[PDB]
Amino acid sequence: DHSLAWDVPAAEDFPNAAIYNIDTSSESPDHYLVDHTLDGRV
Amino acid sequence: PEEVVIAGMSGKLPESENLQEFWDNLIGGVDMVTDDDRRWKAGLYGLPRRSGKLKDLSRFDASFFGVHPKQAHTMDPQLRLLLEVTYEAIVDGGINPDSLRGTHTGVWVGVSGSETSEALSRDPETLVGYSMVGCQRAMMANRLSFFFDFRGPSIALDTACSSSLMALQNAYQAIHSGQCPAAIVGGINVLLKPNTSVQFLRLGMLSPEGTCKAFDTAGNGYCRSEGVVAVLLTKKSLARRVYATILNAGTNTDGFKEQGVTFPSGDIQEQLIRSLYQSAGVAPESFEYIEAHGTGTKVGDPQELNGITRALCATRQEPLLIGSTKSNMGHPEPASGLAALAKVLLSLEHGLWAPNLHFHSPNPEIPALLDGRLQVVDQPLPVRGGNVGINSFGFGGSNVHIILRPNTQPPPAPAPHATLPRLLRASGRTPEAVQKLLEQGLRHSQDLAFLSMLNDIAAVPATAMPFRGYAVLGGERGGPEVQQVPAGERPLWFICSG
Amino acid sequence: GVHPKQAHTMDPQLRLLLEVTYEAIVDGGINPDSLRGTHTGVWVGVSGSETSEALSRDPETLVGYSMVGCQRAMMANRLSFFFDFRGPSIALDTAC
């Protein structure tokens, strides 16, 4: 008898607030921030 | 020591609810590894787009197994399907489960994943304690023992990629040593958490094309696949149906390996195979088919195949047929052994070998395939005879191997009493069950053994199965009859006419 | 012989168990090299793999080494591998 349907864990039930990494290294796209210096400080 | 025989088998493998559909897919050359996105969005995290999956995981008859709705919703799908599969396995052997009640039957279950437990144990504020008794790994066997009332061992092994065959080996040893009269060996695997697939992909054990190409030049890896199987091992006296006889079972670990822990070895596997076939007293020339692991890995396949060549192909003239059930359905990690066992037993019963798939050109690093000593069964080949061997090897180095002697029992010679009409009685949870049982009885009305086994598994109380039916087979007339059984024992009276 | 990257991605149970197994062999007065290549078996009783849950919680950052170090079946397979045991390697999970 299979009239009823029971719970089955879903894909979103398991582990997988934007976070931005600011890096001035010459190899990074954000290298242009080095040129924004004020009072001898970036 | 007495004999150990396999009495019943049931399972829910990919794209197959029962084993009949599994065989129809195996012999029909239909790829059971679909590419839909039932489990999760296809291609998520770069995972392969193809995997083996079951048709439904939301079905479970709670009432028959005495599970309340709250408990059922928190029970692992593996356990829910395994209960039904175990019950089907017991009946498949023509054994009424009531007889096994109170005995020393032992349940050995091979499990490698417990993904459901994590899902249900993620919200401490609103989590129920029932999940511990429904999702805990040990409960995968203890629950079966509790329901079926087995007083024997209840273990949940964990060796990877070989757990089910290790459980079968342990059950064989338990029965062979006189500790248990029968055993229930099961293997369960369900794909629910994509992160495990990501782990396997990172290790490099998954094939980008998602196709396990066993023994093939372009063998990249293997595709994950889920499935549930269960086998009823029993001694000779109890068994009513005998698929095969376990001539010998063994196990051993690779040990130290310079390459690494996950690098398969061939010398150890050769030693295991040779030790088994020497202790059992079975010559290598008696083998006819070996069910290789056949995961399609560029390293494991040469090791396994050359080990087999050294162990068995030393001094035999005719070629040895080798096939892998993982090119047809995938690779249920903990249930690999039992899936191959089911395929072998079905092939033996139907008198034909299930063809492999995705085999075009042999691996150039395997001399036997080119030489012709080893022959991959890529076409339906009728069985000539001999013994069989199943080997499952995990990635931690746990090796197992079995030797099976098939059943050569021919149909009985016709007898005068066979023409008398015979009565078939069935019971079921719903009218459709009784209908199917009666239709099956009518289909094979001339097979006495099938009718006897059906009649021996129909004495289930009315509380558990409130529907019953009968069909006088072979008579001058009379179709099936079905009706619900009123509850409560009913007295039986006699009246002798004058 | 566990490299630093894999040591971080290994269950604490496995590491403590390796140490304790070596200590147990020596306490018996038997050199571990005497049992290498023999049929010594490893049985372990485990009822938890929380390290795997902790390590597989980031699909974009997890390393494959966690499976080979935190998998339940490796709690015995690792011991057999290091000590070179050719016998059974099982991970029983009957509770308590």
# chains A, B, ... in the order shown; residues from 1 in each chain; ligands from 1
>>> interface_residues(of="chain C", to="chain B", cutoff="8 Å", atoms="only C-alpha atoms", output="PyMOL selection string")
chain C and resi 37+39+47+53+56-60+62-68+72-74+77-78+80-95
>>> write_last_selection(atoms="N, CA, C and O atoms", output="compact mmCIF listing (two decimals), in the first residue's frame")
# COMPACT_ATOMS: atom_id res chain seq x y z
N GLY C 37 52.82 -8.03 7.06
CA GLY C 37 52.66 -9.10 6.10
C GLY C 37 51.88 -10.29 6.60
O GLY C 37 51.72 -11.26 5.85
N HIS C 39 48.30 -12.00 8.68
CA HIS C 39 46.85 -11.91 8.53
C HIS C 39 46.18 -11.26 9.73
O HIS C 39 45.05 -11.60 10.08
N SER C 47 30.63 5.26 15.70
CA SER C 47 29.24 5.67 15.54
C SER C 47 29.15 7.17 15.31
O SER C 47 28.30 7.85 15.88
N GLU C 53 31.23 15.85 8.09
CA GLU C 53 30.24 16.92 7.98
C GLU C 53 30.91 18.29 8.07
O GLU C 53 30.51 19.23 7.37
N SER C 56 33.02 18.74 4.59
CA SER C 56 32.29 18.72 3.33
C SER C 56 31.17 19.75 3.30
O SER C 56 30.19 19.58 2.56
N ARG C 57 31.28 20.81 4.09
CA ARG C 57 30.25 21.84 4.17
C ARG C 57 30.51 23.01 3.24
O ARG C 57 29.76 23.99 3.29
N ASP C 58 31.54 22.95 2.41
CA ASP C 58 31.85 24.02 1.47
C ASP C 58 32.16 23.40 0.12
O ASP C 58 33.30 22.96 -0.13
N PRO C 59 31.18 23.33 -0.78
CA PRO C 59 31.42 22.69 -2.08
C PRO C 59 32.53 23.34 -2.88
O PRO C 59 33.20 22.65 -3.67
N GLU C 60 32.76 24.64 -2.71
CA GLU C 60 33.74 25.35 -3.52
C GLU C 60 35.14 25.32 -2.95
O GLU C 60 36.07 25.78 -3.61
N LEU C 62 36.24 22.43 -0.57
CA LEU C 62 36.65 21.15 0.00
C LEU C 62 37.71 20.49 -0.86
O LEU C 62 37.72 20.60 -2.09
N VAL C 63 38.62 19.79 -0.20
CA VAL C 63 39.66 19.00 -0.86
C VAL C 63 39.26 17.54 -0.79
O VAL C 63 38.66 17.08 0.19
N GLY C 64 39.61 16.79 -1.83
CA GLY C 64 39.26 15.38 -1.89
C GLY C 64 39.91 14.55 -0.81
O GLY C 64 39.48 13.41 -0.57
N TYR C 65 40.94 15.07 -0.14
CA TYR C 65 41.63 14.30 0.89
C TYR C 65 40.73 13.96 2.06
O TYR C 65 41.02 13.02 2.80
N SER C 66 39.64 14.71 2.26
CA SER C 66 38.78 14.46 3.42
C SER C 66 38.14 13.09 3.33
O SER C 66 38.02 12.38 4.35
N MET C 67 37.71 12.68 2.14
CA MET C 67 37.10 11.37 1.99
C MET C 67 38.07 10.26 2.37
O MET C 67 37.69 9.30 3.05
N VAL C 68 39.33 10.38 1.94
CA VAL C 68 40.33 9.36 2.25
C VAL C 68 40.81 9.42 3.69
O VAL C 68 41.51 8.51 4.14
N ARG C 72 34.29 6.74 7.10
CA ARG C 72 34.12 5.80 8.21
C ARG C 72 34.96 4.55 8.01
O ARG C 72 35.59 4.06 8.96
N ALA C 73 34.98 4.00 6.79
CA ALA C 73 35.69 2.76 6.54
C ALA C 73 37.20 2.92 6.61
O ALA C 73 37.90 1.91 6.69
N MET C 74 37.71 4.14 6.56
CA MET C 74 39.15 4.35 6.63
C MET C 74 39.69 4.30 8.05
O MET C 74 40.91 4.25 8.23
N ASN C 77 40.91 0.86 7.64
CA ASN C 77 41.74 0.72 6.46
C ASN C 77 43.06 1.47 6.62
O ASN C 77 44.10 0.99 6.18
N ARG C 78 43.02 2.64 7.25
CA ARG C 78 44.25 3.39 7.49
C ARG C 78 45.20 2.62 8.40
O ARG C 78 46.41 2.57 8.15
N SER C 80 45.31 -0.67 8.87
CA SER C 80 45.84 -1.80 8.12
C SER C 80 46.89 -1.35 7.13
O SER C 80 47.91 -2.03 6.94
N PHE C 81 46.67 -0.21 6.47
CA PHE C 81 47.63 0.28 5.50
C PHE C 81 48.96 0.60 6.16
O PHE C 81 50.02 0.13 5.70
N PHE C 82 48.94 1.39 7.23
CA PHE C 82 50.20 1.78 7.86
C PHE C 82 50.91 0.57 8.45
O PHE C 82 52.11 0.37 8.22
N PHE C 83 50.20 -0.25 9.22
CA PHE C 83 50.81 -1.38 9.89
C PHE C 83 51.02 -2.57 8.97
O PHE C 83 51.67 -3.54 9.37
N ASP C 84 50.50 -2.53 7.74
CA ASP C 84 50.66 -3.61 6.77
C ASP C 84 50.04 -4.90 7.29
O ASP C 84 50.70 -5.92 7.46
N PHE C 85 48.73 -4.84 7.54
CA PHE C 85 47.95 -6.00 7.95
C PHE C 85 47.17 -6.52 6.75
O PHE C 85 46.52 -5.74 6.04
N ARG C 86 47.23 -7.83 6.53
CA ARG C 86 46.58 -8.46 5.40
C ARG C 86 45.25 -9.11 5.77
O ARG C 86 44.64 -9.76 4.92
N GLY C 87 44.80 -8.96 7.01
CA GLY C 87 43.57 -9.57 7.44
C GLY C 87 42.37 -8.69 7.19
O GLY C 87 42.44 -7.68 6.49
N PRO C 88 41.23 -9.06 7.78
CA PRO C 88 40.02 -8.25 7.61
C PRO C 88 40.20 -6.85 8.17
O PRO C 88 40.93 -6.63 9.14
N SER C 89 39.51 -5.89 7.55
CA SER C 89 39.46 -4.52 8.03
C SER C 89 38.01 -4.07 7.97
O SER C 89 37.49 -3.77 6.88
N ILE C 90 37.35 -4.01 9.12
CA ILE C 90 35.93 -3.73 9.21
C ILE C 90 35.70 -2.57 10.17
O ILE C 90 36.52 -2.29 11.05
N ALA C 91 34.56 -1.90 10.00
CA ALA C 91 34.15 -0.79 10.86
C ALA C 91 32.73 -1.06 11.34
O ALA C 91 31.76 -0.61 10.72
N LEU C 92 32.60 -1.80 12.44
CA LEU C 92 31.30 -2.09 13.00
C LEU C 92 30.66 -0.83 13.56
O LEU C 92 31.33 0.06 14.08
N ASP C 93 29.33 -0.75 13.45
CA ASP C 93 28.60 0.41 13.93
C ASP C 93 27.34 -0.01 14.67
O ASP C 93 26.26 0.56 14.47
N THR C 94 27.44 -1.02 15.52
CA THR C 94 26.35 -1.34 16.44
C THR C 94 26.46 -0.42 17.65
O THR C 94 27.52 -0.33 18.27
N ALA C 95 25.37 0.27 17.98
CA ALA C 95 25.46 1.38 18.91
C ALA C 95 25.73 0.90 20.33
O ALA C 95 25.08 -0.04 20.81
>>> closest_atom_pairs(of="chain A", to="chain B", cutoff="6 Å", atoms="only C-alpha atoms", output="JSON lines")
{"residue": "A:1", "atom": "CA", "partner": "B:61", "partner_atom": "CA", "distance": 5.7}
{"residue": "A:2", "atom": "CA", "partner": "B:59", "partner_atom": "CA", "distance": 5.6}
{"residue": "A:5", "atom": "CA", "partner": "B:58", "partner_atom": "CA", "distance": 5.1}
{"residue": "A:6", "atom": "CA", "partner": "B:58", "partner_atom": "CA", "distance": 4.9}
{"residue": "A:7", "atom": "CA", "partner": "B:73", "partner_atom": "CA", "distance": 5.0}
{"residue": "A:11", "atom": "CA", "partner": "B:40", "partner_atom": "CA", "distance": 5.7}
{"residue": "A:13", "atom": "CA", "partner": "B:119", "partner_atom": "CA", "distance": 5.8}
>>> residues_around(residues="residue 8 in chain C", least_positions_apart="3", cutoff="12 Å", atoms="only C-alpha atoms", output="PyMOL selection string")
chain C and resi 2-5+11-12+14-15+51+55+63+65-66+69-70
>>> residues_around(residues="range 408-416 of chain B", least_positions_apart="4", cutoff="10 Å", atoms="only C-alpha atoms", output="compact mmCIF listing (two decimals) with N, CA, C and O atoms, in the first residue's frame")
# COMPACT_ATOMS: atom_id res chain seq x y z
N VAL B 242 16.70 -22.56 -3.98
CA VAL B 242 18.15 -22.46 -3.89
C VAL B 242 18.67 -21.86 -5.18
O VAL B 242 18.72 -22.54 -6.22
N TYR B 243 19.06 -20.59 -5.13
CA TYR B 243 19.66 -19.95 -6.29
C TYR B 243 21.06 -20.49 -6.56
O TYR B 243 21.42 -20.76 -7.71
N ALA B 244 21.86 -20.65 -5.51
CA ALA B 244 23.21 -21.18 -5.64
C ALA B 244 23.67 -21.66 -4.28
O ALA B 244 22.93 -21.61 -3.29
N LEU B 348 21.76 -16.78 -14.15
CA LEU B 348 21.74 -18.23 -13.98
C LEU B 348 20.32 -18.78 -14.05
O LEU B 348 20.08 -19.82 -14.66
N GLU B 349 19.36 -18.08 -13.44
CA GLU B 349 17.98 -18.54 -13.46
C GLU B 349 17.42 -18.53 -14.88
O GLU B 349 16.73 -19.47 -15.28
N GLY B 385 27.71 -24.07 -18.08
CA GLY B 385 27.87 -24.68 -16.78
C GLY B 385 29.10 -24.16 -16.09
O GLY B 385 29.74 -23.21 -16.54
N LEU B 420 -4.51 -33.47 -11.38
CA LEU B 420 -5.60 -33.11 -10.50
C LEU B 420 -5.63 -31.60 -10.28
O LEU B 420 -4.58 -30.97 -10.19
N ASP B 447 3.26 -25.46 -12.85
CA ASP B 447 4.47 -25.48 -12.03
C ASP B 447 4.05 -25.69 -10.58
O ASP B 447 3.63 -24.76 -9.89
N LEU B 448 4.17 -26.94 -10.11
CA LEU B 448 3.71 -27.28 -8.77
C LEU B 448 4.52 -26.57 -7.70
O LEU B 448 3.97 -26.10 -6.70
N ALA B 449 5.84 -26.49 -7.88
CA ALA B 449 6.69 -25.90 -6.85
C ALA B 449 6.36 -24.44 -6.62
O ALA B 449 6.33 -23.97 -5.48
>>> select_by_dssp(residues="chain A", states="helix (DSSP H, G or I)", output="list in words")
residues 11, 12, 13, 29, 30, 31, 32, 33, 34 and 35 of chain A
>>> write_last_selection(atoms="C-alpha atoms", output="tab-separated table (two decimals), in the first residue's frame")
chain	number	residue	atom	x	y	z
A	11	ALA	CA	19.17	19.06	-2.11
A	12	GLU	CA	18.95	22.46	-0.41
A	13	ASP	CA	18.66	20.81	3.03
A	29	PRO	CA	41.84	43.34	-10.84
A	30	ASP	CA	41.56	45.74	-7.89
A	31	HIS	CA	45.18	46.87	-8.26
A	32	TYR	CA	44.04	50.36	-9.27
A	33	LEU	CA	43.18	51.15	-5.63
A	34	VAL	CA	46.86	51.72	-4.85
A	35	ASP	CA	46.60	55.09	-6.62
>>> interface_residues(of="chain A", to="chain C", cutoff="10 Å", atoms="only C-alpha atoms", output="ChimeraX atom specification")
/A:14-16
>>> atom_distance(atom1="CA of residue 42 in chain C", atom2="CA of residue 17 in chain C")
11.6 Å
>>> closest_residue(among="B:81, B:133, B:357, B:47", to="residue 13 in chain B", atoms="only C-alpha atoms")
B:81
>>> decode(residues="range 377-391 of chain B", atoms="C-alpha atoms", output="PDB file, in the first residue's frame")
ATOM      1  CA  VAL B 377      30.442 -10.945 -22.365  1.00  0.00           C
ATOM      2  CA  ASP B 378      29.203  -8.240 -24.739  1.00  0.00           C
ATOM      3  CA  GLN B 379      26.375 -10.389 -26.153  1.00  0.00           C
ATOM      4  CA  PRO B 380      23.751 -12.688 -24.621  1.00  0.00           C
ATOM      5  CA  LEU B 381      25.561 -16.014 -24.212  1.00  0.00           C
ATOM      6  CA  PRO B 382      23.733 -19.154 -23.029  1.00  0.00           C
ATOM      7  CA  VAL B 383      25.201 -20.743 -19.918  1.00  0.00           C
ATOM      8  CA  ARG B 384      27.137 -23.968 -20.445  1.00  0.00           C
ATOM      9  CA  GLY B 385      27.865 -24.683 -16.779  1.00  0.00           C
ATOM     10  CA  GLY B 386      30.612 -24.409 -14.210  1.00  0.00           C
ATOM     11  CA  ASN B 387      31.147 -22.193 -11.200  1.00  0.00           C
ATOM     12  CA  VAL B 388      30.992 -18.433 -10.709  1.00  0.00           C
ATOM     13  CA  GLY B 389      33.035 -15.899  -8.793  1.00  0.00           C
ATOM     14  CA  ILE B 390      32.181 -12.433  -7.476  1.00  0.00           C
ATOM     15  CA  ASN B 391      34.854 -10.040  -6.224  1.00  0.00           C
TER      16      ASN B 391
END
